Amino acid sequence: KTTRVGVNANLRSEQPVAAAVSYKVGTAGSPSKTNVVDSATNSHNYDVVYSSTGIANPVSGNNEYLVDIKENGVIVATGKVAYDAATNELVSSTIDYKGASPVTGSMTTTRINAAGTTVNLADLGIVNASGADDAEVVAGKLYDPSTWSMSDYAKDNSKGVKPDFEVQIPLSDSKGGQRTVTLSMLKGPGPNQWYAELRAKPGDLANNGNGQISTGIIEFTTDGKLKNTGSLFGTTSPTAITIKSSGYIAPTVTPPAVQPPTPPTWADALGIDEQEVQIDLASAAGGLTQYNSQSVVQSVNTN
């Protein structure tokens, strides 16, 4: 029965972001938006890039997305937008000129320089005069760790998002059978940043259909060394996951405590025991690295 795994693999640092993670509005070979006039009567052509936050939407009643505004491949403005999850209206924007401080968002504009020149969000398609404000970002069908994920893709290849890289982790269960756990990852929009999911085979868990175990944002140093794993392993130390026994029922909580989301639980049919597994991504000889070389699994150690 597997209790500890060591992942030895490299993720190529120059791996380009997938369109499903960072979506440029419009057709290939032409700017997203043309002849956008700023408050100083100057016209621009802009690229508009919506990016997934890597954090499950909705957040406090809103669908949140990252936004970059680019001119000739240079970011002139950036921030986060939040659309009402029910009504699809823009609710808040932190889009401001790049490097701005303090960040000063607007429901109708963004600054494009420190001098305070602005453009209209509507001319960028971030707001919609003839429909739902979120129409153009919704068209991008962006990654979501909860509703449009790599685990969704594993279950149905027409759904969710295909990973940039995967590490398969074979577990021996309490019966000696082999359960495959997979670490699925996407290059994130941030520097040295990746979106990650841990997942069992779809159907191997009783508590969902796609087999997702956990999700998290993984960060690397500028030198390609693992920096942190976000909430991928929760707050465990050492980093670990626990998959509950077949037939495990979480007791009803006593109400200062709140009922935790149903934890990963082995399918009834498997009839196997709780499996707590340390997952070591930072060993001295190996570990999960992010150098500019081929994405590759060097080896996976198990006990």
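Residue numbers run from 1 along the displayed sequence.
Q: Read off the CA B-factors in the entry, average them over 81-89 and over 111-119, and name the higher stretch.
A: Looking at the record's C-alpha B-factors, the answer is 111-119.
Q. Which is higher on average in the deposited entry, the C-alpha temperature factors of 268-276 or of 243-251?
A. Of 243-251 and 268-276, the stretch with the higher C-alpha B-factor average is 268-276.
Q) Highest CA temperature factor in the entry: which of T215, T222, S151, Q168? A) That would be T222.
**Q.** Member of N63, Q259, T27, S51 with the greatest C-alpha B factor (per the PDB record)
**A.** Reading the PDB entry, the winner on C-alpha B-factor is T27.
Q: Ordered by C-alpha B-factor within the chain, which third holds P238? Give me lowest, middle or highest, please.
A: For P238, whose C-alpha B-factor we compare with every modelled residue in the chain, the answer is the middle third.
Q | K159, C-alpha B-factor rank within chain (lowest, middle or highest third) | A | Middle third of the chain for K159's C-alpha B-factor.
**Q.** For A56, the third of its chain into which the C-alpha B factor falls
**A.** Middle third by C-alpha B-factor.
Q: Using the B-factors in the PDB entry, rank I95's C-alpha atom against the chain and give the third, lowest, middle or highest.
A: It falls in the middle third of the chain.
Q.
Sorting by Cα B-factor within the chain, modelled residues only, which third would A20 end up in: lowest, middle or highest?
A. According to the entry, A20 has a C-alpha B-factor in the chain's lowest third.
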